[PDB]
Amino acid sequence: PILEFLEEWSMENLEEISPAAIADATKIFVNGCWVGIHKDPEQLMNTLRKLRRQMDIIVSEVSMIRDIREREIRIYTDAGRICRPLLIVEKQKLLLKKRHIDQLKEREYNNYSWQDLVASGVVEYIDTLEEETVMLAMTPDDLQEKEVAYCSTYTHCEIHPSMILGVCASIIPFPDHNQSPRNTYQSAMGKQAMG
Amino acid sequence: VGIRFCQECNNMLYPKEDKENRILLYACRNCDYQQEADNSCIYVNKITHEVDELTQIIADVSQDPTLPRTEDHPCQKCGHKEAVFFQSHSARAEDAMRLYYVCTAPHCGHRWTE
Amino acid sequence: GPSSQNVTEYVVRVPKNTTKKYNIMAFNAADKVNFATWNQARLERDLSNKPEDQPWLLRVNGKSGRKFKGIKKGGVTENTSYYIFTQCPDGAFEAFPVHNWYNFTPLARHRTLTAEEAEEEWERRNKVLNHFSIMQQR
Amino acid sequence: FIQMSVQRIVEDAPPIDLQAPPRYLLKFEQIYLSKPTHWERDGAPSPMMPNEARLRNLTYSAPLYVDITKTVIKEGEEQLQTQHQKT
Amino acid sequence: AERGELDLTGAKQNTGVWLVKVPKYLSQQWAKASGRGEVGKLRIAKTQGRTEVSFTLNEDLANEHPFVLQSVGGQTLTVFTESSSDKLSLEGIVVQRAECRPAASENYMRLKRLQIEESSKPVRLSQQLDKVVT
Amino acid sequence: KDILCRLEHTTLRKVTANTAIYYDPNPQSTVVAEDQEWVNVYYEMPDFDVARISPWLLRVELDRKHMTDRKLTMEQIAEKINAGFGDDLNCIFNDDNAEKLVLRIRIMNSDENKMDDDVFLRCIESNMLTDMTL
Amino acid sequence: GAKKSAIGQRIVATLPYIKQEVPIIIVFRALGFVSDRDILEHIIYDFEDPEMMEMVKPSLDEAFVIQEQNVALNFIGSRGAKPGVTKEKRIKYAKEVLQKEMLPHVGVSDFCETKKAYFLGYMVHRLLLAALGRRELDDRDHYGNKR
Ligand SMILES: [Zn+2]
Ligand SMILES: [Zn+2]
């Protein structure tokens, strides 16, 4: 489905191009295979992102990476890519609105669940390769608020910073007040506890 | 510096000298083909290679959301106040701290270094 | 004049079947292919394999002229199709599907080193002298 | 793996061709899985709950069935196609 | 004059032809009848300093296709045909390249999904059995 | 720092900015326009190179800052090359007054009067850049 | 060496099921691209870059002797883990190794030589950028390179 869409759009196949044209156009890779080239990489990425966020041809776990400096667009669709959900930011504003929270609050007897957030295009998964091209906000209330403009092009926002921890590190209370090795020791001890 | 290819078999042309006329000739191999050289320089290497990074910089970098943007360095070509600045951060320099600027205005990929 | 605002519209016809199939012949720009000297040409399947699924060989002006080898485009157009518009006296465009796509590259003609000869040079491949001289000897 | 890989792998396998000269063709096309089942000494199948698997030291496996199509050619311009459902 | 000779007459006349890339549904609709001698009209409008190419689908066929031109200077393309009587000929030389695009954006993807789903019909998945096969 | 220079290993690569194997068939008329001004100064009374000269030329530019840092002047570099290669190479260098320090090198005249007149310069150029010790 | 350092640094490829590496230009010759322009167009996408051109010069010289696809295929086949009895069998073996064993993800079809050449050119182009310092070396630790 990824390749069919690219062919439909203005992606010139490798066979049907002259090598002189590879200079200006951005290479398109799908699962590591060089499919073709594109002249409008910015519009292609916008279209690819829009389709993925709509649960269109591109599925949620498909990761599109653009190397602007290297003039390469890499699309990955295979297994084993580790990704995490992040809130989408547009114009320094979360796409997650109060209406989404209200629907979530009545999670039961309403059929609204996490998938509707992904379907709504408010939260998307970002793999480690795609995270390199992402400008990430730790919190919405401190990072993308009107202030000294350290950065005004945030593309994503962490749902909560504490999600970087695992199961065993998530039971440590105030782990940010501890010296880090002692948080590692507890993760080992917490597995040997009794209960 | 220029690299020339044979017009017959599209192979590399290598420098050659004709003792009859004493003029540099780029002669094809395995092609008994010769051409009149004009550059007169067959090889040149710059150890320092102070290559202007502006040539290597690409205007599309202005679309990178992870680059800082400054209003204090307006673009000279079009006067746009916003610009995207960054370091070369590439090997072979040994001192990569100077900032290269790219105009953020679309259709003006002007690149400059302060 | 009329050319400043000329508008042309023609009907499109798609015959169900044609006696002659249509395929695309592509020549690289760097080749500088010229048809003025193409007094005669020969196109036939290759004999190296020794048919319908084999590379095509193009010879121009017999042995004297340049020789080109055509290869079918491996990538298939499952989601894409190609059509050719040809002017006709009736003034209606005709579209023919591209049966095949072929890429032709020139084949230089000269005393290319044979496989047996190349073995001797492999000994001196790392250290060779006067690259020009090697071809003169052959 | 169950829903896609197992089915893809079997379909990926080329059909089996056997020549004696009669020609025998065997093709695996469809995959079927039942609930984890356990067979007693008498051979009566019963569904296997995981706790029973843990307690009785039984592996928690599901029977795997494949449809197979067999076509036979007897060099007599006759073709007979028979399929073994859920092998 | 021989069997392998190529009729290069078309090249001598410098006949110009256009190469167009179109999707499957447009060709699929044409392939439906493919014998009525008509599938649509190609309309080209030119202005003082701009030219636009668009194609309209036949009303009967359905029961807008804007065209974008492409540079052809980077590669030279020629069209030839193989006659059933073993008489190869050159139809002409490509002089312009264009691409066909869908006018619609949102509802168009619905047809794409069906095409993908249609392509998934041959694709097969493992099926569950409620009861053990006996 | 003077003792530091006498200990740290310095090769032509460290003090050289760029090199170019210019053809330069006639030494009287140099391909490089600027090089001509001072080359003629050394060619009013040529010594040991009047009989013949290799058509090929090797021009190397020495970085000013690196030369000053190592307290290396244009003189001993020519002497070291001449000492290392004896009469094999004829070395001609400009004056420090010019903004650019240059050192033109050519193969011995006797050989001009077997490997290759051209490729041999690259072997010398690479060998002198690293192996040669200033 | 005298001519060792004169040419510079040459590129080699270590294809699967081959005892010894082969010059990169040879693999391009085997794939069906013979002329230097044709091969370089798959490696250098901008011919106005003198630095990139000089990098491949030593590789071209090493494979200068081989000028035909069959000669290149025979050279690859001669180095196969199972050397062919005759020249014809070696070429078939060498062609098979490239068809299947080399860059299998790019393709295995008989008409995928161009796709494999482009990717092999990309592999060489990526190597040149690292050598020229234009692109930083990839990080094994970077977890996006992991699966
Ligand atoms: Zn030539
Ligand atoms: Zn500007």
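If you go along the chain as it appears here, the first residue is 1 and each next one adds 1.
The header says electron microscopy, 2.9 Å.
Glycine is treated like the rest: Cβ placed from N, Cα and C.
Taken from Swiss-Prot, the feature N-acetylalanine covers E:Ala1, and the record attributes it to a large-scale study or a structure entry. According to Swiss-Prot, the feature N6-acetyllysine maps to E:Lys21, E:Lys32, E:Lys121, an assignment based on a large-scale study or a structure entry. As annotated by Swiss-Prot, phosphoserine applies to E:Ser126, with the evidence given as a large-scale study or a structure entry.
Using a CB-CB cutoff of under 8 Å against chain C, the modified residues that qualify from E:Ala1, E:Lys21, E:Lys32, E:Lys121, E:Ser126 are E:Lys21. Among the modified residues listed (E:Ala1, E:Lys21, E:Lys32), E:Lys32 has its Cα nearest to the Cα of E:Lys121 (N6-acetyllysine).
Filtering of the modified residues E:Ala1, E:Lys21, E:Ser126 by Cβ separation from chain D (threshold: under 8 Å) yields E:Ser126, ordered along the sequence.
Remark: E:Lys32 (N6-acetyllysine) has E:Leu61 as non-local neighbours, by Cβ distance under 8 Å and separation of at least 6 in sequence. Applying an under-8 Å Cβ distance to chain G, the modified residues E:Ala1, E:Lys21, E:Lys32, E:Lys121, E:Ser126 reduce to an empty list.
Spacing of E:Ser126 (phosphoserine) relative to E:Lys21 (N6-acetyllysine) is 38 Å (Cα to Cα, whole number).
The most densely surrounded of the modified residues E:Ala1, E:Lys21, E:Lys121, E:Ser126 is E:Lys21 (count of other Cβ atoms within 10 A of its Cβ). Classification of E:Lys32 (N6-acetyllysine) by DSSP places it within a helix.
If you measure from the Cα atom of the residue listed as 'N-acetylalanine' to that of E:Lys21 (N6-acetyllysine), you get 35 Å.
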